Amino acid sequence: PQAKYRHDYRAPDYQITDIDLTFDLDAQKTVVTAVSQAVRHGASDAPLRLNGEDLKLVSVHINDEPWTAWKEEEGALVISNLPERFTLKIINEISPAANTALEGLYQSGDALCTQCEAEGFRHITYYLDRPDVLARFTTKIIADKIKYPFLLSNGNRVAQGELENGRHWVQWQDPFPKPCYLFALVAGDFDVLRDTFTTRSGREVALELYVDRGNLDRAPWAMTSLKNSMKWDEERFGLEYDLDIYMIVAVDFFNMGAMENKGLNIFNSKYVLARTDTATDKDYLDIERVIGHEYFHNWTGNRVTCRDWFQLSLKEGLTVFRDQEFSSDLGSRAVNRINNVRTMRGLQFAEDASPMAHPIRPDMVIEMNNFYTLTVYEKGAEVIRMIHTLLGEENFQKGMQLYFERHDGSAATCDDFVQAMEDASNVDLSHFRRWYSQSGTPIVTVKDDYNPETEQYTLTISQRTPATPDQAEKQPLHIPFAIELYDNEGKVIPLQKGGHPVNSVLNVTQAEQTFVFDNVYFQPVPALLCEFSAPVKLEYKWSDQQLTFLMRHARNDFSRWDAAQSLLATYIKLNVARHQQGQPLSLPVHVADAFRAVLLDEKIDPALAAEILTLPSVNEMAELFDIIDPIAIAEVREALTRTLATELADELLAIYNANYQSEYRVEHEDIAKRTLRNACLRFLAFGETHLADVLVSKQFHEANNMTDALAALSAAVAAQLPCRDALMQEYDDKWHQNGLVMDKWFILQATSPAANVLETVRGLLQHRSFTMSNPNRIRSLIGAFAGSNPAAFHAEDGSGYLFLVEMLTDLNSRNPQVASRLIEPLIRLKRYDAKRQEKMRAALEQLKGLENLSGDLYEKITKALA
C-alpha cells in the first residue's frame, strides 16, 4: 500500500454540488442510489475518478444515459468523456451485516448506523471521498417499519411515506454543504429522550437523544451536558447552533469515542450512558467532555472543514482545546490542566519518540485512520493553547472571529487558521508555524544566576529537539516560556528590566538566549514553564527545598502539583536504579514530610491535594527513562505507595474519614472531596493488611455510587487484599449483563499485579460478558493488558507479546482500526532492553507475514522494523 503526501495536494478536477441518496435498507443487502450534480474544473480530457471500496456496481448513468466510457480499478471507478456539467447516477449494493470493520454502513446490535470519517463514505457509494468536495445532501431511507421504525439522517425531515409489504420511508435534507465524512444514517428501534434548547438570539432547537430500549434511565446527564455545551459555546465563543434539531444516537459498537456528523452525532454509548450506580465521577466528566467536543465541532470542523486529511489538527487540535476550556470553565481548571499535562508527558511524549512520530500536520500518511493520534489531538491542542498564551483571550477571540468570517462554508488549512490569528492580533506567528511541521518533543534547558551586587537574575535558556525517525533535521521553535519569581516569603517579585515591566511569558526563539531581570531584591525561587506553557521537557537543576517551597507557596495550583512531580521524579529514578541492583526503596524523610504537609494543609483545595497524592502512572514514570524497565517501574510504584502508606498512616486515615460524604452529587466540590478521599484509600490499602482489608471491603459494600465502589475494588486488586476474589465475584454476579460496567472489571483484571494475570486474561476471552466483536470489550481486556500493564505485557518470557500477536492475527481481518490501536505497545520496542527488543521484533516480523495484512498494521509494522 502506497503513501500519500501533503505536498501532493491539488484541487479536484471535478466538484459535486448536490447529491440525492436513496437507501433501500436491509442488513444483508442494501441498495444505494446516488444522484450527484457535478461540475468539471480541470482539463476537458480529465476523467472523473471516484473512490469506492467493496461496492457491487449495478449501473452508471450520465444525464440519464447508460454510460459506456468507464472502468473499475482498485479502489476506484474512472468515468471518461464527460460534459462540463452533468448529473451522475450510480446504483450499487453493499452488505451491512458483513461489515465487521465498522467503517461505512454497518450493524450495531439490531440497529444500522454509519461511520464515514475519514474515508468511510466510499464504502457506501462511489464518490469524491475527500473533504474539500462539499455538497448539499438529500437522503431518502426505505426500510422495514417493524425492524426500523426510526430512520434518521442529517438535517430535517422533508418527506415521509408508507409502502406496501410493511416498509416505510423518510427523506431528510441538510441545507449546509458538507464533505461526505460528515454524512450519517441510523435505522433502528430506540427509546428517545427529548428536550429543547433556546439559543441566545431565540432559535428553538429540538434535542433528541436515541438510546437502546431500556436505557432512558441513563440518558439525562448527556442531555444536560449537551445543553451546557450549547450555553458555553455561546458565552465563551459567541457561537450558536445553526439548525432546528440536534440528534445524538448512542451505539454499542463503535471504533472511536464519538462523531460530529452534522445534526446527527453518533456516539459510543460509553460516552453517553451514565447513572450513579453504573458510572464513576470520571465517566460523568468524560461524557461531559465528549458531548462538548462533538458539539464544538459544529463550528470547528463542520461550518469550517478541512481541505485535506493532513489538516486534521485544524479541527481536532482546536476542538480539543475547546473541550478542555469547557471542562476547565465549568469544573476545576487546575485539575483539568494537571490531567491534560499527565496525558501529554506520559502518553504523547512516548508517541513523539516512537517510530510513528509525526508533526501535528503530518507530511506522509499510508492509512489516515492511523493519524487520529495523541499528537494530532493533544499536542494539537497544546499548540492552539500556545497561540492563546501568546495572544491573550481578547486577541485569540478576534482571531477566531476572523477565521470564521473568512472561512465559513469552506474547507480550510492549518495555515489559514494561523494566518487569521496573526492578522487579527498583529502578533507575528511566522516562526510559530514551525510547530505544525516539526515532530518530536523539545528539551528546554535552563540555568540561572543571581547577582547580589546588581540585584539581577539571569536565565540562560537553551532548546533542542532530538532527531526523530521521520525527520533528521530539527530547528528551534517559538516557545512561550512562562515564569514567576518568588521571594523568601513566597511573594511574587515583579518582573522588570531597565525600569519597565517585562511580560512573564518569555519568547524563547533561539537555540540559546539569556534573559536578565533587574530589581530582583531577593535571590528567587523560580516557577518555570508555568501551566505547562509549552509542550516541552524542562531540564533545570532543582534543589529539593526549592520544590517543597513551590509546593507550599506557588500561586497557581498547577505549579504546586508540578513541583511535586519534579520532587518525585528524582526519587523514582533513584529507586528504579536501586531495584535493578536488588536494593529496597530509599526516600529522604523531608520528601515524606512534604506530602504529609499537603495532607494536613487546611487551605489547599482538596482537588489539588488529591492530584498531588495521586502518584504518576507507570506510563508517566516510563517517560523519565531512556531505556524502560517496566518491571522495576511497577515494583517501585508499589514500594513507594507502601512507604508513604506506612509513613503517613494516621494522617491518611484522618483525611479519609474527614472527607466522608453521605449524599452523592455530581458537583465539583463533592467530586474533589471524593477524589481526595479515594486517593487516601489507595495508600491505606497498601498499609497494614487487616485495616486495609476492613476499610476496602466496607467501602465496597456500603458505597452508594460506582465511584466509591470501584475505588475500593480497584484497591483490593492493586494491593492483592484477602477480600479481592470475593468482591470481584460479587461485581461479576451483579453486573455481567451490562457491558459498560463490565469494562471496568475487565480493566482491573487486565491491570492486576498478580503473577498469573496473563492466564486470567486469556481465560476472560471466554467470559460471558466478553466478545471479540465489540471494540469496547477488546479495549477493556486486551488493550488494558498490553497498554496499561507493561510489567506483564513485558514479562521476560515473552508471553505478553505472543498473546498480543494472536489477538492481532484475529483483529487484522476482523477490525483493522482496532488492531492498529492495539499494536501500539509493540511498536515501542526501541525503548526496551536488547532481549525484549529481540522478542518484540520477532512478534512484529510474524505479523508482517500475515496473509491479507491490513494497510493499517502495515504502516506501523514497517516503521517499527526500520
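The first residue of the shown sequence is 1; numbering continues from there.
Legend: mean Cα B-factor per stretch from the PDB entry, 700-708 versus 222-230; the higher mean is in 700-708. Higher mean CA temperature factor between 105-113 and 293-301: 105-113, per the PDB entry. In this structure the maximum Cα B-factor among 600, 376, 386, 341 is found at 600. Set against one another, the Cα B-factors of 692, 170, 633, 574 in the record reach their highest point at 692. When the modelled residues of the chain are ordered by C-alpha B-factor, residue 212 sits in the highest third. The deposited CA B-factor of residue 534 belongs to the lowest third of values across its chain.
When the CA B factors of the chain's modelled residues are split into thirds, the value for residue 34 lands in the lowest one. Compared with the other modelled residues of the chain, the Cα B-factor recorded for residue 580 ranks in the highest third. Residue 517: CA B factor in the highest third of modelled residues in this chain (values from the PDB entry).
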